[PDB]
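Take a look at the structure set out below.
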Amino acid sequence: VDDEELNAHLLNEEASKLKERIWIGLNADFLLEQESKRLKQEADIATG
Amino acid sequence: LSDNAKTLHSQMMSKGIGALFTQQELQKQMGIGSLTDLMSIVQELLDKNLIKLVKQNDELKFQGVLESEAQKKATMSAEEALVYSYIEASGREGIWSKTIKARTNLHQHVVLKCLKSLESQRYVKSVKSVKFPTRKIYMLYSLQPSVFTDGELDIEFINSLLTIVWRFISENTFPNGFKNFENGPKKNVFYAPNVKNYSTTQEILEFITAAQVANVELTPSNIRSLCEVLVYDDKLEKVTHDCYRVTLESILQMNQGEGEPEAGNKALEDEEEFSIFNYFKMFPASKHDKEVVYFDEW
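Protein chains in written order, with the deposited numbering: chain Z, 465 to 512; chain P, 11 to 157, 165 to 315.
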């Protein structure tokens with residue numbers, strides 16, 4: 465399927481941490497609520 | 011809050027063990043009326059509430075926690091911190107659902123949404139009783155009271178501890194292997210049964226101390242007394258203090274396994290009452306008046 469599409473999926477490492485910066489800056493509260501919900505679970509499943 | 015420095019004065023007077031003398035000093039420092047007015051304001055700023063007794067006024071209770079915040083867990087309602095303050099002073103065991111229904115004469119689904127909205131931040135950490143009459147649950151912290166060393170111990174290791182203390186008292190108050198066969202049992206028992214004639218007298222707890230599993234098995238000589246009462250009403254006589262006398266059913270159902278094989282010594286007398294072994298009557302064979310006689314559905 466070499467029709468300039470297989471050689472254009474991913475770009476380099478340079479303009480990728482900027483995308484990671486955008487994602488962590490915007491989609492942050494849901495990830496914090498998910499990690500805090502995991503912390504809430506592994507708090508309240510210790511006792512019975 | 012930040013009204014004045016009297017919040018810091020309340021912290022300094024509520025640091026240690028306080029009483030009515032602390033409030034005597036707090037009214038003794040400055041002029042009385044402004045102190046009473048500002049102290050009423052500070053008590054209206056989510057602080058300690060007074061106590062009506064024979065004495066004038068007491069604190070509640072000794073600490074300076076000051077954590078209700080009145081507006082911020084997830085939403086804003088002046089009903090939730092009330093219910094949290096109701097379950098702060100529950101006491102030893104906890105509070106009922108019918109008790110919190112009886113006070114404040116509210117609905118039950120507001121109690122359910124209090125349950126959910128306070129379980130969302132871990133203040134409904136309950137302790138479960140052995141029985142559930144009316145759900146005696148929902149205390150603050152730590153699952154403290156437990157009404165439970167032998168009560169909540171059901172069921173398998175009660176039987177295991179029962180079997181091993183039965184084995185230990187059977188090997189202490191009687192010798193070890195002289196219950197298997199009748200070839201001179203126990204040798205004129207305990208060597209002409211005089212003044213040797215001993216028993217445990219706290220030695221049973223020493224044998225428990227020799228081996229545990231460290232979950233609930235630190236018994237302060239009271240669960241041992243409960244199992245003592247559990248054993249002298251079935252198969253032990255226990256003349257007055259601590260002399261157990263395990264016998265009169267230990268030998269039969271202890272040496273039935275690999276000690277009492279077939280081709281014995283002599284045939285038994287008819288209707289030995291102290292015997293549970295070899296009682297069968299039918300492959301199917303229940304035609305006529307065999308042993309089908311007992312109680313016959315009166």
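We treat Cβ as the ideally placed atom computed from N, Cα and C, and that holds for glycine.
**Message:** So if DSSP puts P:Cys244 in a beta bridge, which residue, or which two residues, is it bridged to?
**Reply:** Paired residues: none, contrary to the question.
**Request:** Sort out for me which residues DSSP pairs P:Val256 with in a bridge.
**Result:** P:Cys260
**Asked** For P:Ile105, which of helix, strand or coil comes out of DSSP?
**Response** Here P:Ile105 sits in strand by DSSP.
**Request:** Could you confirm whether any beta carbon from chain P is found closer than 8 Å to the beta carbon of Z:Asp493?
**Result:** no
**Item:** DSSP state of P:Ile186 mapped onto helix, strand, coil
**Value:** helix
**Message:** On the criterion of 16 or more Cβ atoms from any shown chain inside 10 Å, does P:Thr190 qualify as buried, or is it exposed?
**Reply:** buried
**Message:** Run through chain P and tell me which residues come within less than 8 Å of Z:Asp467, C-beta to C-beta.
**Reply:** Neighbours of Z:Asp467 on chain P: none; closest Cβ ~53 Å, over 8 Å.
**According to DSSP, residues forming a beta bridge with P:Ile147** = P:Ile105
**Request:** Drop a sphere of 10 angstroms on the beta-carbon of P:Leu253, count the other beta-carbons inside from all chains shown, and report buried for 16 or more, exposed for fewer.
**Result:** Buried: at least 16 other Cβ atoms inside 10 Å.
**Message:** On the CB-based measure, 16 or more other CB atoms within 10 Å of its CB, does P:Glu279 come out buried or exposed?
**Reply:** exposed
**Prompt:** Near P:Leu45, what residues of its chain come up, given a Cβ to Cβ distance below 6 Å and the 5 sequence neighbours on each side ignored?
**Reply:** Same-chain partners within the cutoff: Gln37.
**Asked** Within the 8 Å Cβ cut-off, does residue 520 of chain Z reach chain P?
**Response** Residue 520 of chain Z falls outside the range modelled here, since chain Z spans only 465 to 512, and no answer is possible.
**DSSP state of P:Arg132 mapped onto helix, strand, coil** = DSSP places P:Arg132 in coil when its eight states are reduced to three.
**Request:** Select from P:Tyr296, P:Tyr96, P:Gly101 and P:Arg102 the residue whose C-alpha is nearest the C-alpha of P:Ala112.
**Result:** Distance check between P:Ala112 and each of P:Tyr296, P:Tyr96, P:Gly101 and P:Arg102 places P:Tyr96 closest, using alpha-carbon atoms only.
**Message:** Ignoring anything shorter than 4 residues, give me the alpha helix (DSSP H) runs that lie fully in the segment 53–125 of chain P, in order along the chain.
**Reply:** 90–98 and 107–112
**Prompt:** CA-CA distance, P:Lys283 and P:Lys203?
**Reply:** 20 Å
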